[PDB]
There are 2 protein chains.
Amino acid sequence: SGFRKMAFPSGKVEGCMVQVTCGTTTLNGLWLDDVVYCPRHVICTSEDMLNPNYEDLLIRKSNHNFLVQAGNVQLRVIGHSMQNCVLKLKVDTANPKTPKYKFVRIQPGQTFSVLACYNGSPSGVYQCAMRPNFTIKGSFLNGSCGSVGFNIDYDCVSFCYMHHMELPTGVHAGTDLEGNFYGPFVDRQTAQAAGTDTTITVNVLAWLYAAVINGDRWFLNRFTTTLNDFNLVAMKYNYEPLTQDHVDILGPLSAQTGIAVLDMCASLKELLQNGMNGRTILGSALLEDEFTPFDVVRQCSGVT
Amino acid sequence: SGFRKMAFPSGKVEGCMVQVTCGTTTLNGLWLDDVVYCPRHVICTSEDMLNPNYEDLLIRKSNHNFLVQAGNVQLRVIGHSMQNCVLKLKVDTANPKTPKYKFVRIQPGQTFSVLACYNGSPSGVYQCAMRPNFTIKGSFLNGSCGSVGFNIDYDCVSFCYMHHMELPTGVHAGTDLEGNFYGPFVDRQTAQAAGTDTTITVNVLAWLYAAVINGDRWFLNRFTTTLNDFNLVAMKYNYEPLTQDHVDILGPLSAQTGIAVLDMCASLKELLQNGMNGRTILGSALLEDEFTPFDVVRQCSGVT
Ligand SMILES: *CC(=O)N1CCN(Cc2cccc(Cl)c2)[C@@H](CC(C)C)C1
Ligand SMILES: *CC(=O)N1CCN(Cc2cccc(Cl)c2)[C@@H](CC(C)C)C1
């Protein structure tokens, strides 16, 4: 037992990290097969970032201008291209450590692990959720750009995120591995509105089931509710509306604990209306939303 | 910016995990050089766990009874020995993936990453603190025994913990890599008292400095205190007494933020006496104690 914000083992991703330098800018790249993926802003200078003309900036660059180092070995760049906000540098050597992988575009509310990297070297790993407003609340300093988010299904790494920037509010924005930003963000040093965020209701419910599985049951009550009544409370407290698809995904957890999803919704309703009353749930004094129902099942069963 | 409960990249440890089977019991082992380290309770049966006579149980075992598999390859066991609560199985092959490593016995209040493993395969990674009462609040199911805790200094992995058991209270107990339990715990299915735990004061203070560095400053006040006055509040709220060694270790963070350690102690004093008043600090509604001053500096600087 016990419930922790667990990240995937980062080994398969560590083996893909490289350092990419262009002129005087250095960030992280992801070396998979014979391609190195990195944020296209690696081609900018400090004066370029207000509104870079990336097509023009990339034209002044040749394959030899992109310095790619994997640890101590230098990769030979034989091709370069921009796809959306990422640069794809073709190298003459396939990464011997390339795991089985996929590029996926995650949905808001889904989770993933981030391997924070600086100068091509891994510093740490943490579990993130893609917020409903398409930002992530990460830990990223200067040089962390090009660090990636991923999930691992047995031996397959599904890369879902690449870090590009920090908004003036301290939240993080980035792209999928095809270079498309999540949310309305653009890769320029401009003030950008992150949309109104909401709490991931299905995840808070999944976490309440994890709490019941692990012994924390104080919040369980003698009440039930309906999807419509619960959604009136969710709207008031800036929670995502709960749908039947969300109820269906909570099926396994409802089955294991024997607590109907709507009864758990009534517990959540009372927690939203009354607060925690100085108590904790799974060591937290607030309602956690960065564990999906899948994460809860995986952690509570022992999937490797 | 941003502050997260970050674990070390687990790659160097993943490469050491093996599955150890003895009779019908299977748990995880750590393969370093030509030695596989695992909890000695791998030699027990269900009827043995009330009070195992490990010396007698190990005598009925031969090298061929210890089945060690690293992924799909079978290791050949050429020696076996018990050192405290760990078994050391000498194998005929040095692990090609053995990183630079040390065995260290961590101090209470210090942190480390745990690579939870099942059947020799890594499931996830999380950051833990060794509680002042020598337990850890982990996430460990049946089969997780033999999973290890570690820190990484550049290329050197300092292994500090091996998981052995879950106390009836849901907290976790284990040993250093020489097989000595942290705390008064013994490897038997007996009800065992975990000592009175306390909050790691120096870590909560280190985390308050991380909050100030990252923008959360609401808790800063116009007050100061003394070590003696603060310690009267710490005693009341079951916080570890703050010493000059702790003040000294907070030196760098005090220097960076320009907030004297005793002024931060007065902020902590007011937070202890008044609570959070429905507010949060670094996304938490309680006082976090599982980040050391070293962890804060590392995360806030970008050490890889
Ligand atoms: C991710 C990272 O380390 N950095 C944040 C982005 N910086 C450039 C930038 C500025 C404004 C908007 C965007 Cl999309 C990108 C990085 C600059 C260094 C020199 C790599 C730092
Ligand atoms: C760590 C783990 O997976 N397990 C917890 C300990 N179990 C045996 C046990 C019982 C009582 C006290 C101690 Cl020190 C150890 C493990 C049993 C399986 C069969 C490995 C499970």
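Residues numbered from 1 in each chain as written, not as in the entry; some residues may be left out. Chains lettered and ligands numbered in written order. Heavy atoms only, no water.

- Going by the header, the method for this PDB entry is X-ray crystallography, and the resolution given is 1.737 Å.

**Focus: the relation of the copies chain A and chain B**
Then, in step 1: For these two chains of identical sequence, chain A goes onto chain B by a turn of 180° and a shift of 0.0 Å along the axis, with RMSD 0.0 Å. Overall, the copies show the geometry of a two-fold rotation axis. Minimal C-alpha separation from the rotation axis in chain A is found for A:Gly11, amounting to 1.8 Å.
Then, in step 2: An overlap of 100% is found between the interface residues of chain A and their copies at the interface of chain B, pointing to a shared contact surface. (Least-squares fit on C-alpha atoms. Contact = heavy atoms within 4.5 Å.)

**Brief notes about the packing of aromatic side chains**
Residues and elements named next belong to chain A.
Then, in step 1: Counted according to the given criterion, the structure contains 16 aromatic pairs over all chains.
Then, in step 2: Pairing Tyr101 with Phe103 gives two aromatic rings, centres 5.6 Å apart and planes at 45°, and the pair type is tilted.
Then, in step 3: Its relative accessible area of 25% is what places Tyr101 among the partly exposed residues.
Then, in step 4: Overall, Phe103 belongs to the partly exposed group, its relative accessible area being 29%. (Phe/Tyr/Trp six-rings, centres within 6.5 Å; stacked < 30°, edge-to-face > 60°. Buried < 20%, exposed > 50% of the residue type's maximum accessible area, 1.4 Å probe, protein only.)

**Here's the deal with the sheet that holds strand β6 (residues 77-83) of chain A**
All names here are of chain A.
Then, in step 1: Pairing is antiparallel across the open sheet formed by seven strands, whose spatial order is β5-β4-β1-β2-β3-β7-β6. Of all strands in the sheet, those with a lone pairing partner are β5 (73-75) and β6, marking the two edges. Taking each pair of neighbouring strands and ignoring which way they run, the sheet shows an average axis angle of 30°.
Then, in step 2: In terms of strand pairing, strand β1 (residues 17-22) meets strand β2 (residues 25-32) through six bridges, oriented antiparallel. Among the inter-strand pairings, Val18 is bridged to a residue of β2, identified as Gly29. (Pairing = 2+ DSSP bridges. Helix = DSSP H or I, 4+ residues; strand = E, 2+ residues; numbered from the N terminus. Axes fitted to C-alpha atoms, helices over the stretch in contact; angles between N-to-C directions.)

**Looking at the interface of chain A and chain B**
Then, in step 1: Taken together, the 43 residues of chain A in the interface contact 43 residues of chain B.
Then, in step 2: In this assembly, chain A packs against chain B so that about 3000 Å² is buried in total across both faces, 53% of it on carbon and sulfur atoms.
Then, in step 3: Inspection of the chain A/chain B interface yields two salt bridges.
Then, in step 4: Close ionic contact of B:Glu290 with A:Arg4 constitutes a salt bridge, the shortest N to O distance being 3.0 Å.
Then, in step 5: At the boundary of chain A with chain B, the tally comes to 23 residue pairs in polar contact. (Buried area = accessible area lost by both parts, 1.4 Å probe. Salt bridge = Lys/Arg side-chain N within 4 Å of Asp/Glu carboxyl O. Polar contact = N/O pair within 3.5 Å; in protein donor to acceptor, adjacent residues only side chain to side chain.)

**Considerations on the site of ligand 1**
Residues and elements named next belong to chain A.
Then, in step 1: Neighbouring residues of ligand 1: 15 residues in total, closest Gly143, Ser144, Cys145, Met165 and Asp187.
Then, in step 2: Contacts to ligand 1 include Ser144, whose backbone N or O atom sits 3.1 Å from an oxygen atom.
Then, in step 3: Between ligand 1 and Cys145, the relevant distance is 3.2 Å, taken from an oxygen atom to a main-chain nitrogen or oxygen of the residue.
Then, in step 4: Here ligand 1 loses 81% of its free accessible area of 510 Å² to cover by the protein chains.
Then, in step 5: Where the shell around ligand 1 is concerned, the elements lending two or more residues are β2 and β12 (156-166).
Then, in step 6: Top contributing element to the shell around ligand 1 by residue count: β12, with three residues. (Near = heavy atom within 4 Å. Areas by Shrake-Rupley, 256 points an atom, 1.4 Å probe, with all protein chains shown as cover.)

**Quick look at the environment of B:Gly2**
Then, in step 1: Residue position: B:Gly2 is located in the segment before α1 (11-14).
Then, in step 2: Each residue touching B:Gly2, except ones within four places of it in the same chain, is listed here: A:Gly138, A:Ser139, B:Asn214 and B:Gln299.

**Comments concerning the domain arrangement of chain A**
Then, in step 1: For chain A, the assigned domains read domain 1 (1-14 + 100-197), domain 2 (15-99) and domain 3 (198-301).
Then, in step 2: A straight line from the C-alpha centre of domain 2 of chain A to that of domain 3 of chain A covers 43 Å. (Domains from an automatic or database assignment.)

**Focus on unusual backbone geometry**
Then, in step 1: The phi angle at A:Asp33 is positive, at roughly 60°, despite the residue not being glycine.
Then, in step 2: Judged by its relative accessible area of 34%, A:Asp33 falls in the partly exposed class.
Then, in step 3: A positive phi angle is found at B:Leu282, which is not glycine, with a value near 55°.
Then, in step 4: Along the polypeptide, B:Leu282 turns up in the loop between α7 (261-274) and α8 (293-301).
Then, in step 5: Residue B:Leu282 is classed as partly exposed on the basis of its relative accessible area, which comes to 21%.

**Regarding the state of the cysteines**
What is meant by a disulfide is a covalent connection between two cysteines, made through their sulfur atoms.
Then, in step 1: All told, the structure shown has zero disulfides over all chains when counted by the stated rule.
Then, in step 2: Here A:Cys156 is not cross-linked by a disulfide; its sulfur's nearest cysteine counterpart is in A:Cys16, at 12 Å. (Disulfide = S-S within 2.5 Å.)

**Description of the sheet that holds strand β4 (residues 66-70) of chain B**
Residues and elements named next belong to chain B.
Then, in step 1: One open sheet accounts for seven strands, arranged β5-β4-β1-β2-β3-β7-β6; its pairing is antiparallel. Each edge of the open sheet carries a strand with a single partner, namely β5 (73-75) and β6 (77-83). When strand polarity is set aside, the average angle formed by the axes of neighbouring strands in this sheet is 30°.
Then, in step 2: In this sheet, strand β7 (residues 86-91) lies alongside β6 in antiparallel orientation, the contact comprising six bridges. Looking at β7, one finds that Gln83 is bridged to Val86.

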